[PDB]
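Okay, structure first, notes after.
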Amino acid sequence: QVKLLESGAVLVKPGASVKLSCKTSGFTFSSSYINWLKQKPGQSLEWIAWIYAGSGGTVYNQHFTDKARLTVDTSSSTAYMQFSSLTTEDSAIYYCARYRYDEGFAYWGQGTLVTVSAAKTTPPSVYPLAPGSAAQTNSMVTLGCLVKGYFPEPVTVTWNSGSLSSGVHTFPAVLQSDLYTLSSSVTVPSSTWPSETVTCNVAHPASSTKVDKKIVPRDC
Amino acid sequence: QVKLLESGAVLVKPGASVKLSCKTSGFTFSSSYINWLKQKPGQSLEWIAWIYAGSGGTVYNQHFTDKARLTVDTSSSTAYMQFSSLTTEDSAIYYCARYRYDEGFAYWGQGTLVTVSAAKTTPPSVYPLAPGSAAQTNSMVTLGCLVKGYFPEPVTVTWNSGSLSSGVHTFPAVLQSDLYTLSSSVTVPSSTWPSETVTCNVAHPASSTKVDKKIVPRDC
Amino acid sequence: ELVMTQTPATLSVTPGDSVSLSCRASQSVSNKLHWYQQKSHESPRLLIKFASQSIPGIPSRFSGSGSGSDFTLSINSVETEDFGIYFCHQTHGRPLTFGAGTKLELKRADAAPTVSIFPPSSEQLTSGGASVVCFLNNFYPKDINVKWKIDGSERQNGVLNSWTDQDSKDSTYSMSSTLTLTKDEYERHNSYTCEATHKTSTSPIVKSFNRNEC
Amino acid sequence: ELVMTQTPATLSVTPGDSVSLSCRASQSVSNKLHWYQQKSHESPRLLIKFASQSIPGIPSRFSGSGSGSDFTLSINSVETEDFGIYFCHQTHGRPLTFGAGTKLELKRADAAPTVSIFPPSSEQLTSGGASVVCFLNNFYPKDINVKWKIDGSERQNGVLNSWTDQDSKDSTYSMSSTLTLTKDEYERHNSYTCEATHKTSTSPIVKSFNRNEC
Ligand SMILES: O=C(Nc1ccc(CP(=O)(O)O[C@H](c2ccc([N+](=O)[O-])cc2)[C@@H](CO)NC(O)C(Cl)Cl)cc1)C(F)(F)F
Ligand SMILES: O=C(Nc1ccc(CP(=O)(O)O[C@H](c2ccc([N+](=O)[O-])cc2)[C@@H](CO)NC(O)C(Cl)Cl)cc1)C(F)(F)F
């Protein structure tokens, strides 16, 4: 497979700078025009600049010159964007994408969420949501996980390490003053729970937090 | 050697169009940006456009769009420029040049003289120029050849089919109304002439003319 | 900069139908217009390159046309998984620009929500807090109201609602409502009720639990 | 367009000297400035690439410097074969532009021309025309005046002059003057004289012929 792998979500202070990475594989790096784009949640994409990996030649959106700096490392097929003098308005998702005259922007990285804030990271409190001695009684049973009071975004939530993909609904985080809260639900056949273990996995990059919360029948 | 070989000089009528060729060799054609430039005699160069041989992509000087059309033939490493709706002001020498981020415009073709005119092709009158019974008397003797009233440019003048390279002075053609006149001189040791034969060869491509004018002592 | 105007801004369609999205350029972009599909929580996926060229692996239902300043993306036989935002992009002039996008939504038959109520986790109560969570899953349309009642009285204070995007497989919506109380207010009451409201069901759907029972 | 101003327009220098040519951009071109040497009847030769980078094969006496808007080409120890036009070129903004050029001429010690006069070919007389040709070879400077006298009177009408390029080995020039008469005017006179004039020789250099003698 051909792939563009971006660096993790970062929280950075106003006035600081970040260096984003974009590791590539599966395609010829030298002939690649690696582009970087900015996307504010629920808005269109903004093109920042591109760099021809073959020459190191760069072309910038005049609105980002003196702000962004692109480089490339041909030996490791990795592209970098150094963004400086960050302001809270620079908080957004940043993508790297490969262009070629014969393919357009065919390859895209997964995006890196950059948060520019003076506040420190607050890891989330993860709570297992089990039904009480009263519901369930049916063919399907819904369990949940509450991911409360964290900063900044995002958090990733999987169930049984990705083994349970079906029946999952992870809700968009909601900002409460200065902290986010999110929840996820999974519906499994009663055949599955409580006989077997259902654990929700929550990862919060910015604080290097990884929690596993097993859902146990509430005896209390 | 690395080389750019252009098509021959052409005479074309007003409102007509030409297709100029630029055969390349000695370098990777695919990674080449073939540029075409215009130069009026005794003036600076004018960039017309370039084409990247790898993609067929073109970039034109806005003053020549709708006028010029560049194409490439990767199988024969040849680039072409089709110039249309020619006016007499388009008469000039046209060059093709190779650019690469690595080397700038390092390779240039020899240029193609394009004469846009309604006048007709006229072959030259070739006259041998011998000294009269009065000069010479010295170690060196100067003979000459007058190439009078031809159109269009150019004509090629050699002496003894090139065997006589030293002492040759071919003068720039001068336009007289609508016809050109040029002359050439050759200085040889009295050892050589009149003992041996000195012949000036004049070739005028446009009219398929090839004249040989032996220089003989003027007895009259 | 070359401005790209997309229309319509939003479109609701029935699976099986055919639609055509418009992308206008403030000036000519030759054949340098591309189309992308973007699903939430995902990077753009190239659908059409250079106005009408197709890409290996993209469903044949997608096709584009036009040149100069008028372009069109057509989807014949819209499927459920075609939900998303569609953007056009021009790579003819610098800086490269994108359109504001067209949001494609799908039609479906009404569906009532499967409601689930969850009492506070014991771990949270120990820390002094009590969040009561209610999931209203897979319903249609998106209009749905949730109401909380503590010991029979409605409480508006402390409720956080969140909705997912339309489901790619069955075109429904889901939502979660969280009522956050202090451990003290929670221990001071017994019955906790979440009720979904929307003209579909002959009336509300209710879910409750009594703190006393464990 | 980025305008490039070159100075000086013309420069006459003695071999062994050193000189610097200026190229100034109406706006910044970063390091995307190149220098070319163009000899007459020849295509441009790249001397310096990207403001100061040297091209292999080019004499070390050439070096360039600058950035932004101010650039300079320097030749230390100017040689005879360095005559020509020097152009600077920017490849930073579209359209690519060139400067008007700087004409480099070499000074030399005055040299008197070797003069040769040729009466009309007999073949030409047969056709009704008579061109008297005079070659003034390898002299210096280029400001050599030629005057024609027919039977002692000067004729300006009917003269065509042509100069070659400066010699690469010795910086001398050559020129040819052709007086064109009708066969009738020619047969109506006897003495034909061509004289070279220039402050070098204590006075004019003369060459003549008498139609009557053959
Ligand atoms: O060599 C190195 N870097 C490097 C050198 C030159 C360039 C400029 P380019 O990409 O060739 O410019 C292109 C280019 C320039 C000229 C050209 N040509 O044929 O004349 C072709 C392509 C083109 C790209 O946008 N430029 C323009 O269009 C300008 Cl004029 Cl707006 C870029 C990077 C390094 F080793 F030092 F890092
Ligand atoms: O695909 C074919 N031909 C072909 C396709 C695309 C182009 C445009 P390009 O040379 O890639 O444009 C460059 C290019 C475009 C986009 C880009 N990027 O990374 O987005 C990089 C380079 C660039 C060159 O100047 N254009 C601009 O800069 C515009 Cl925006 Cl002014 C040219 C030719 C074929 F079917 F014929 F084979």
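FYI, nothing fancy with the structure tokens labels: chains A, B, ... in order, residues from 1 per chain, ligands from 1 as they appear.
For segment 28-43 of chain A, the set of protein, DNA and RNA residues having any atom at most 6 Å away, when counting only C-alpha atoms and skipping those fewer than 2 positions along the same chain, is residues 45, 46, 47, 48, 49, 50, 51, 52, 53, 54, 77, 92, 93, 94, 95, 96, 97, 98 and 99 of chain A.
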Just want the 9 Å neighbourhood of segment 211-220 of chain B, counted on only C-alpha atoms, with same-chain residues fewer than 5 positions away dropped. Output as a ChimeraX atom specification. /B:126-133,143-145,160,193-194,197-204 /D:121-122,213-214
Any idea which chain D residues end up within 8 Å of chain B if we count only C-alpha atoms, as a PyMOL selection string please? chain D and resi 34+42-46+49-50+87+94-101+116-124+135+160+162-164+174-176+209+213-214
Would you put the residues from that selection into a file with N, CA and C atoms, as a compact mmCIF listing (two decimals), in the first residue's frame?
```
# COMPACT_ATOMS: atom_id res chain seq x y z
N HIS D 34 20.96 34.93 -13.62
CA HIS D 34 21.97 34.23 -14.39
C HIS D 34 22.65 35.21 -15.35
N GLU D 42 26.15 34.02 -32.81
CA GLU D 42 26.22 32.90 -31.88
C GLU D 42 25.12 32.95 -30.83
N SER D 43 24.76 31.78 -30.32
CA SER D 43 23.73 31.69 -29.28
C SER D 43 24.34 32.02 -27.91
N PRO D 44 23.51 32.46 -26.96
CA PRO D 44 24.00 32.81 -25.61
C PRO D 44 24.77 31.69 -24.91
N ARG D 45 25.80 32.05 -24.17
CA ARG D 45 26.57 31.06 -23.44
C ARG D 45 26.38 31.40 -21.96
N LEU D 46 26.00 30.40 -21.16
CA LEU D 46 25.76 30.58 -19.73
C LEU D 46 27.10 30.75 -19.03
N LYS D 49 25.37 30.82 -13.02
CA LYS D 49 24.01 30.40 -12.71
C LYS D 49 23.68 30.66 -11.24
N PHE D 50 22.43 31.03 -11.00
CA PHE D 50 21.91 31.31 -9.66
C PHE D 50 22.78 32.26 -8.86
N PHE D 87 24.31 39.59 -20.81
CA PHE D 87 22.92 39.73 -20.35
C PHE D 87 22.72 39.03 -19.02
N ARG D 94 7.28 35.05 -13.24
CA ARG D 94 6.83 34.88 -14.62
C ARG D 94 6.23 36.20 -15.04
N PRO D 95 6.51 36.66 -16.27
CA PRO D 95 7.38 35.98 -17.24
C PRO D 95 8.86 36.20 -16.97
N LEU D 96 9.67 35.25 -17.39
CA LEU D 96 11.12 35.32 -17.24
C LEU D 96 11.53 36.54 -18.07
N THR D 97 12.47 37.33 -17.55
CA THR D 97 12.94 38.52 -18.24
C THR D 97 14.45 38.58 -18.30
N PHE D 98 14.95 39.41 -19.22
CA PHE D 98 16.37 39.62 -19.48
C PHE D 98 16.66 41.10 -19.39
N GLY D 99 17.92 41.45 -19.16
CA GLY D 99 18.30 42.85 -19.15
C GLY D 99 18.66 43.23 -20.58
N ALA D 100 18.77 44.52 -20.87
CA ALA D 100 19.13 45.01 -22.21
C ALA D 100 20.54 44.65 -22.66
N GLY D 101 21.40 44.25 -21.73
CA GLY D 101 22.76 43.89 -22.06
C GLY D 101 23.82 44.98 -21.91
N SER D 116 42.57 47.42 -50.19
CA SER D 116 42.52 46.72 -51.48
C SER D 116 41.33 47.26 -52.28
N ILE D 117 41.56 47.63 -53.54
CA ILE D 117 40.50 48.15 -54.40
C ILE D 117 40.34 47.15 -55.55
N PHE D 118 39.09 46.87 -55.93
CA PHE D 118 38.82 45.93 -57.01
C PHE D 118 37.88 46.55 -57.99
N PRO D 119 38.28 46.57 -59.27
CA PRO D 119 37.40 47.15 -60.28
C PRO D 119 36.29 46.11 -60.56
N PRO D 120 35.21 46.55 -61.21
CA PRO D 120 34.10 45.66 -61.55
C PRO D 120 34.52 44.42 -62.32
N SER D 121 33.86 43.32 -62.00
CA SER D 121 34.08 42.06 -62.69
C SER D 121 33.58 42.30 -64.14
N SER D 122 34.15 41.60 -65.12
CA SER D 122 33.70 41.79 -66.50
C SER D 122 32.29 41.21 -66.68
N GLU D 123 31.99 40.16 -65.92
CA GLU D 123 30.67 39.51 -65.97
C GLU D 123 29.57 40.47 -65.57
N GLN D 124 29.88 41.31 -64.58
CA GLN D 124 28.92 42.27 -64.11
C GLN D 124 28.68 43.40 -65.10
N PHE D 135 38.26 46.73 -49.73
CA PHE D 135 38.39 46.07 -48.44
C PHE D 135 39.43 46.77 -47.55
N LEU D 160 27.94 51.30 -50.04
CA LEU D 160 27.45 50.33 -49.07
C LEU D 160 28.64 49.86 -48.21
N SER D 162 30.19 47.79 -44.75
CA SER D 162 29.88 46.70 -43.86
C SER D 162 31.13 46.39 -43.03
N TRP D 163 30.95 46.23 -41.72
CA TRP D 163 32.05 45.95 -40.79
C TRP D 163 31.89 44.57 -40.20
N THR D 164 33.00 43.89 -39.94
CA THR D 164 32.93 42.60 -39.31
C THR D 164 33.00 42.85 -37.80
N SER D 174 37.62 44.85 -39.66
CA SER D 174 37.78 44.86 -41.10
C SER D 174 36.45 45.40 -41.61
N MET D 175 36.45 45.99 -42.78
CA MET D 175 35.22 46.49 -43.34
C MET D 175 35.35 46.44 -44.86
N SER D 176 34.22 46.55 -45.55
CA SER D 176 34.20 46.54 -47.00
C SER D 176 33.29 47.65 -47.44
N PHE D 209 42.71 52.87 -59.11
CA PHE D 209 42.90 52.11 -60.33
C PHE D 209 42.37 52.99 -61.45
N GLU D 213 43.60 51.11 -68.07
CA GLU D 213 44.63 50.09 -67.96
C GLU D 213 43.87 48.81 -67.62
N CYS D 214 44.33 47.67 -68.12
CA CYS D 214 43.63 46.41 -67.85
C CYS D 214 44.54 45.29 -67.31
```
Got a sec: who's within 8 Å of residue 27 of chain D, counting only C-alpha atoms, leaving out chain neighbours fewer than 2 positions off, as a PDB file with N, CA and C atoms, in the first residue's frame?
```pdb
ATOM      1  N   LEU D   2       9.363  41.683 -14.005  1.00  0.00           N
ATOM      2  CA  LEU D   2      10.514  42.164 -13.247  1.00  0.00           C
ATOM      3  C   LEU D   2      11.427  42.784 -14.285  1.00  0.00           C
ATOM      4  N   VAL D   3      11.680  44.076 -14.152  1.00  0.00           N
ATOM      5  CA  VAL D   3      12.557  44.789 -15.075  1.00  0.00           C
ATOM      6  C   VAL D   3      14.018  44.697 -14.619  1.00  0.00           C
ATOM      7  N   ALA D  25      17.444  44.506 -10.365  1.00  0.00           N
ATOM      8  CA  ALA D  25      16.056  44.090 -10.546  1.00  0.00           C
ATOM      9  C   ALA D  25      15.046  45.064  -9.948  1.00  0.00           C
ATOM     10  N   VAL D  29      14.628  38.954  -6.854  1.00  0.00           N
ATOM     11  CA  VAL D  29      14.591  37.744  -7.639  1.00  0.00           C
ATOM     12  C   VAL D  29      15.323  36.669  -6.878  1.00  0.00           C
ATOM     13  N   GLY D  68      18.830  39.241  -4.077  1.00  0.00           N
ATOM     14  CA  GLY D  68      17.741  40.182  -4.040  1.00  0.00           C
ATOM     15  C   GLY D  68      17.630  41.015  -5.291  1.00  0.00           C
ATOM     16  N   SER D  69      18.027  42.278  -5.189  1.00  0.00           N
ATOM     17  CA  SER D  69      17.901  43.190  -6.300  1.00  0.00           C
ATOM     18  C   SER D  69      19.197  43.706  -6.870  1.00  0.00           C
TER      19      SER D  69
END
```
